[PDB]
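What follows is one structure encoded as structure tokens, with my remarks underneath.
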Amino acid sequence: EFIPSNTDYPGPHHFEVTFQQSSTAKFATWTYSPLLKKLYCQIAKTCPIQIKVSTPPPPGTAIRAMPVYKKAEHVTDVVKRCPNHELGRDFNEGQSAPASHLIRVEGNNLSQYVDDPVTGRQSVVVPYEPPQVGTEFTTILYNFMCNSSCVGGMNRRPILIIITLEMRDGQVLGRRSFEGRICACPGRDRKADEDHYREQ
Amino acid sequence: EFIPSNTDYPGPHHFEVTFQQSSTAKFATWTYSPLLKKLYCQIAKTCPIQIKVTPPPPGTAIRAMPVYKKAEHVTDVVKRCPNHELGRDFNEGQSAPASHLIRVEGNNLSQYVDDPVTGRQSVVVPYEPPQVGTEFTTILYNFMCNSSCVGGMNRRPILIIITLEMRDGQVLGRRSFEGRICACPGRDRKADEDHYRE
DNA sequence: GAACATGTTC
DNA sequence: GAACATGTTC
Ligand SMILES: [Zn+2]
Ligand SMILES: [Zn+2]
């Protein structure tokens, strides 16, 4: 349990996590690499994630975002904000979410922020909301308060976002995961990363 | 007093601040440019600074103190970037306050002073007579934050303000020079000295 | 955004 | 130490 399972498992309900493709326009804040199942996002800059459910789940069902290290070695390490930002004045003050946590859900007040005493694991749970009428997808806002190169945070260590569809009980109804990249230039990094990996 | 004066003023005694030249072998933990009166130093890697003196009324002591080179930022107080101030790697092991950028390695008689009115951080040590056969006294120094350290002096150059002053704390000597805690003190000075030439 | 700065890898 | 990684200046 302390190491959570990256492994995708879309539940009985179709569990789809989709990033509505950013505006094509030049200034991206979060481009997502379909090919790399990787998300390059600017820091503390809201990026939204869509979730598609083929069939409705029993109520109280909810979604848990959780960051973790890709590097097997680090998986053991807990994902947390870099102290330097953890106390940082600039955002702690706007947002009620605990400083430590990396993943902030933006725009929900039922958002529950979690530390697993057993695993000392950061996460943030929100209760599933019916996709807007005439709308396919329940969209969510996620804020990352640490760069991927944030030293004393996950310096230099890639991470995975584990979004799970869970019962109140906690039974896993479906999970999807992808690489994250909080950087300064999610654009450049994506292209270099794409050319860098694809051209290989 | 809030903005300490960069200006050099060797006094009655000849205040000699000098870095005995580094090995000249390829590896450079630290280097000091005499052209730019700038010192390049790897982080937290001990760097030795000596001083050559007229003997000075006892209790005289010497204080290092960092200040931003950029006028705009002289007002700001140089301090360890949180993410280091917290940092386990060295904050444990040494007895000096994490806040502090400059650490003196050799002494236990060193005092790390956080001014209440200015709020500035510096370390004061008492002058020791150069050891016999030694022309001058030599003080270890430790910088616990890269010159490019976020939440500290993340991008902004600094000057080390060294001064020898009496127990009264009056100013007897003073010299300052720019510092740059980097990861590659060598390439930097060559880049910077190279740059300046052209 | 391209030029630059600056830490890290192999 | 060269070549890569990555926030930052203008
Ligand atoms: Zn951070
Ligand atoms: Zn630091």
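Don't overthink the numbers, they just go from 1 along the chain as shown.
Including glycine, each Cβ sits where the backbone N, Cα and C put it.
If you check Swiss-Prot, you get these features:
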type	residues	note
BINDING	A:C82, A:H85, A:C146, A:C150	Zn(2+) binding site
Once the chains shown are all counted, how many other Cβ atoms turn up within 10 Å of the Cβ of A:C82 (Zn(2+) binding site)?
24
What does DSSP say about A:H85 (Zn(2+) binding site): helix, strand or coil?
helix
Just name the most isolated of the binding-site residues A:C146, A:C150, going by other Cβ atoms within 10 Å of its Cβ.
A:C150
Across all the protein chains here, work out how many other Cβ atoms are within 10 Å of the Cβ of A:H85 (Zn(2+) binding site).
25
